[PDB]
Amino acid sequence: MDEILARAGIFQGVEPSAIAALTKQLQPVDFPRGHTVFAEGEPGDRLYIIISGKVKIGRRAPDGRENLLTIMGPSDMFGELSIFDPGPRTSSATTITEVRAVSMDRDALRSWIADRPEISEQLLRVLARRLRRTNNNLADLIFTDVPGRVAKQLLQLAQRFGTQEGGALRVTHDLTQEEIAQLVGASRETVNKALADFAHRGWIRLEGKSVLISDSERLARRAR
């Protein structure tokens, strides 16, 4: 749908009607759940914009441990780093649900800027937003304890994916227990320990691949 796409960084509230003959300049791509869109260290000159579904963005250490940098969703762009800075992928992108996306290569993207510097503005916004988040995560890593980081990641997930459910916030993250801990960037044992405490205190309820946050207030205080 073009409604999702017009919320995408690149073309975000620009053309009233002729936003369309450019979306058609991209053929769509459907991926099953658990599909490796691209792997660490592969060449690439393709960026993707998600129409629906989620994609986890990951790094793997020498000894097989995994970290998740971010979870991408509808309207989010990924694989953009090798577009602007040619070279191999430094991250893996893996589908966590069935995903509909749309795809574009560097030369095509370069073509859609030579008319339109406002698009470049929007892409620089996205990169700077991501730079800020990584810097905010770096600060959390050194100076916030694991439960505070669990609390922060749950609230960050809620900011992107949450929906109100009465006096509570439903956050359908589509992540496994292990993937939540990889996203936090801390041990499964200590992340599960924090989640249990927060559930016991009645701040959250863990339900499949969704969490219900009943007390965003006390959760936020803990993330401080």
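Numbering starts at 1 and runs along the sequence shown.
Worksheet item: Of 140-148 and 107-115, which one has the bigger average CA B-factor?
Response: Mean CA B-factor is higher for 107-115.
Fill in: Residue range whose averaged C-alpha B-factor is higher in the record, 26-34 or 49-57
It is 26-34 that shows the higher mean C-alpha B-factor.
Discussion item. In terms of recorded Cα temperature factor, pick the maximum from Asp197, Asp63, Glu165, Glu179.
Written reply: Largest recorded C-alpha B-factor: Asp63.
Worksheet item: Can you tell me which third, lowest, middle or highest, the CA B-factor of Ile10 falls into for its chain?
Response: For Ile10, the deposited C-alpha B-factor lands in the highest third.
Item to complete: For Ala20, return the chain-relative third of its C-alpha B-factor as stated in the PDB record: lowest, middle or highest.
Response: Its C-alpha B-factor belongs to the highest third of this chain's values.
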